[PDB]
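Q: Residue numbers (the authors' numbering): 1 to 171.
Below is a structure I'd like to ask you about.
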């Protein structure tokens, strides 16, 4: 159906394997999977900002950016360590001894309604498994609430498909 060239990445949501995903210190009442979609519950930590999020990609894609934010209360992740090409997963000790592939200090503008975290695709040229460990928050809160989480980018090599239409617009 026609064709065109423009800047339009994908959240890779449908490319994530929720069946192979893994969460650390996940609340009992709240799930770490409900914070993946915009329309769902939130993920509240029952300890502190020391939760981990594993992601298993069935196909090797490219992490050009990451959308990490929280609820509308004032609790969002700031200093998060990103890991890729892991042997299977990331723990609390393994996330401390070993350094992340990127790791950035998310700001209020990165965890807002349209917050965006520009990563370095140069390192995620081809990743099959990515993990994110929460260290600190925006205002050093006691806990980080996750509401929306995804990976912006594109597959290293896919077919000629089509999607993503309509959307908001401002002056």
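Even for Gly, the Cβ is constructed at its ideal location relative to N, Cα and C.
Just to confirm, are residue 127 and residue 60 a CB contact at a threshold of 8 Å?
A: Numbered from 1 along the chain shown, position 127 holds the residue referred to as residue 127. Numbered from 1 along the chain shown, position 60 holds the residue referred to as residue 60. In this structure, residue 60 lies closer than 8 Å to residue 127 by Cβ.
Q: Could you check where the beta strand (DSSP E) with residue 95 kicks off and where it finishes?
A: Residue numbering aside, residue 95 sits at position 95 when the chain shown is read from its first letter. Careful: residue 95 lies outside any beta strand (DSSP E), inside the alpha helix (DSSP H) at 94-97.
Q: Closest to residue 35 by CA distance: which of 28, 47, 20, 69 is it?
A: Along the chain shown, one-based indexing puts residue 35 at 35. Answer by Cα proximity: 69.
Q: Quick check: residue 80 and residue 130, are their CB atoms within less than 8 Å of each other?
A: Taking the first residue of the chain shown as position 1, residue 80 is located at position 80. Taking the first residue of the chain shown as position 1, residue 130 is located at position 130. Result no, Cβ atoms of residue 80 and residue 130 do not sit closer than 8 Å.
Q: Starting from residue 155, follow its DSSP beta bridges and name the residues at the other end.
A: Reading the chain shown from its first residue, position 155 is the one you call residue 155. In the DSSP output, where bridge partners are listed per residue, residue 155 has 61.
Q: Does the Cβ of residue 83 have 16 or more other Cβ atoms within 10 Å, making it buried, or fewer, making it exposed?
A: Counting from one through the chain shown, the residue named residue 83 turns up at place 83. Counting Cβ neighbours within 10 Å, residue 83 comes out buried, since at least 16 surround it.
Q: Taking the Cβ atom as the reference point for each residue, do residue 45 and residue 150 lie within a distance shorter than 8 Å?
A: What you label residue 45 is simply residue 45 of the chain shown in a count that begins at 1. What you label residue 150 is simply residue 150 of the chain shown in a count that begins at 1. Cβ distance not < 8 Å, so residue 45 and residue 150 don't count as in contact.
Q: Along the beta strand (DSSP E) that carries residue 19, what are the first and last residues, could you check?
A: Start at 1 with the first residue of the chain shown, and residue 19 comes out as number 19. Note, residue 19: beta strand (DSSP E), 16-24.
Q: Are three or more beta carbon pairs between the region 152-160 and the region 91-101 nearer than 8 Å?
A: Flag = no, the region 152-160 and the region 91-101 do not touch.
Q: Measure the CB-CB distance between residue 24 and residue 146 and report whether it falls below 8 Å.
A: Reading the chain shown from its first residue, position 24 is the one you call residue 24. Reading the chain shown from its first residue, position 146 is the one you call residue 146. No, these two residues do not count as a Cβ contact at 8 Å.
Q: Does the Cβ of residue 11 have 16 or more other Cβ atoms within 10 Å, making it buried, or fewer, making it exposed?
A: The sequence position of residue 11 within the chain shown is 11, counting from 1. Classification for residue 11: buried.
Q: Give the secondary structure of residue 13 by DSSP, where H, G and I count as helix, E and B as strand, and everything else as coil.
A: The count along the chain shown starts at 1 and reaches residue 13 at position 13. In this structure, residue 13 counts as helix in the three-state DSSP scheme.
Q: Could you give the DSSP three-state label for residue 79: helix, strand or coil?
A: Within the chain shown, numbered from 1, the residue matching residue 79 stands at position 79. In this structure, residue 79 counts as strand in the three-state DSSP scheme.
Q: Check the DSSP bridge columns for residue 116 and list the partner residues they point to.
A: Here the question's residue 116 lines up with position 116 in the chain shown. Looking at the DSSP assignment, residue 116 forms no beta bridge with any residue, so it has no partner.
Q: Please classify residue 43: does DSSP put it in a helix, a strand, or coil?
A: As a working mapping, residue 43 is identified with position 43 in the chain shown. Correct three-state label for residue 43: strand.
Q: Would you mind reading off the limits of the beta strand (DSSP E) that contains residue 132?
A: Mapped onto the chain shown, residue 132 falls at position 132. It spans 127-134 - the beta strand (DSSP E) in which residue 132 sits, taken as one unbroken run.
Q: Once the 5 residues before and after residue 135 are set aside, which same chain residues still bring their CB inside 7 Å of it?
A: By 1-based counting over the chain shown, the position of residue 135 is 135. Counting only Cβ-Cβ distances below 7 Å, and skipping sequence neighbours, we find 49, 79, 80, 81.
Q: Which one of 132, 32, 125, 107 has the shortest CA to CA distance from residue 89?
A: Taking the chain shown and counting its residues from 1, the one referred to as residue 89 is at position 89. It is 132.
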